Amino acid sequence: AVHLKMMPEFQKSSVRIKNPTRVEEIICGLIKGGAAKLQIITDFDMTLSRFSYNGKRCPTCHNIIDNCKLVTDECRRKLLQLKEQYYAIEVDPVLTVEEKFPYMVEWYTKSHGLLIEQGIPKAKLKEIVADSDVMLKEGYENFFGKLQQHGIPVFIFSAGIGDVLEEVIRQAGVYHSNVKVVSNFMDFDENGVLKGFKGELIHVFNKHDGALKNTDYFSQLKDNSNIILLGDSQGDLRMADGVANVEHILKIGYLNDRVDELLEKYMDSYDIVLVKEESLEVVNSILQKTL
């Protein structure tokens, strides 16, 4: 039997849970299925990586390139203007999420277009990442470690930049064979210089589309009918839309900012809400019981 009251990780003040009885029954099912039935579906930026550090906001994978030595101050000025204009639409309470779709396509196309003009070589991504301020959430080594030990499928589905994300986890020593990355991947020219992005754009609000376009992955994992989903946006809730069969799914959401505005909505839509929480200890505690 599962009792959250007796799990110390669940007593942290960052832990908000609307329906603890329901959470216990989902976790109960996760434990029952063990390793053989488990898979993880997660975004990257601000979920696996930190939102802030020492009162200073940490970079998204996109920001790692924005802030690097290969990008000029005038470009960063334009990237910031794009962000100020378009982020206001992202967080706009009046527009429906569907209405925000074209605006997100514009923002990401325009910001990716600014990076392309700056001339980013593939060979420099290692240095750029090593010199960046990116941080993984506390407990990432045990997170990735226990999962790889038990061969648990991990699907990292990111609206960020796939090449950057991959370099982050590679340098962290946690890009193991069980980890599949679906993101916006760079397209390089004959000289190994960024000229564009591959495939269909993934942004904060269209992850449903990509979830369905990964049938290959999810049908291979038909038996993995128990899911742990980790997100930090409302859009991350769509990341399991491609899952073959669902027996139990637990949804854990990092609420990193806009806390007063979003808390009620997060508590209604995620089973577990982690408020201004920079660790993976709650998910790790569930894995400890399950694996």
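For the two forms, the rigid core is made up of the largest set of C-alpha atoms that agree within 1.5 Å on superposition. When you see a residue number, it is the position in the sequence shown, counting from 1.
> Comparing 221-229 with 49-57, which has C-alphas lying farther from the shown form in 5 other deposited structures of this protein once the core is aligned?
Between 221-229 and 49-57, the one lying farther away in 5 other deposited structures of this protein is 49-57.
> Where do the C-alpha atoms have the higher mean temperature factor in this entry, in 198-206 or in 215-223?
The stretch with the larger average C-alpha B-factor is 215-223.
> Name the higher of the two by mean Cα B-factor in the PDB entry, 52-60 versus 229-237.
The recorded data point to 52-60.
> Considering only modelled residues of the same chain, in which third does the CA B-factor of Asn184 rank: lowest, middle or highest?
Middle third, going by the recorded CA B-factors of the chain.
> Lowest, middle or highest third of the chain for the C-alpha temperature factor of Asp43?
Within its chain, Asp43 is a middle-third residue by C-alpha B-factor, going by the deposited values.
> In terms of the chain's CA B-factor thirds, is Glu167 lowest, middle or highest?
Its C-alpha B-factor, which the entry lists for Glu167, ranks in the middle third among residues of this chain.
> Which third of the chain does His176 land in by C-alpha B-factor: lowest, middle or highest?
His176: CA B-factor falls in the lowest third of its chain.
> Should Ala88 be placed in the lowest, middle or highest third of its chain by the C-alpha B factor in the entry?
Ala88: CA B-factor falls in the middle third of its chain.
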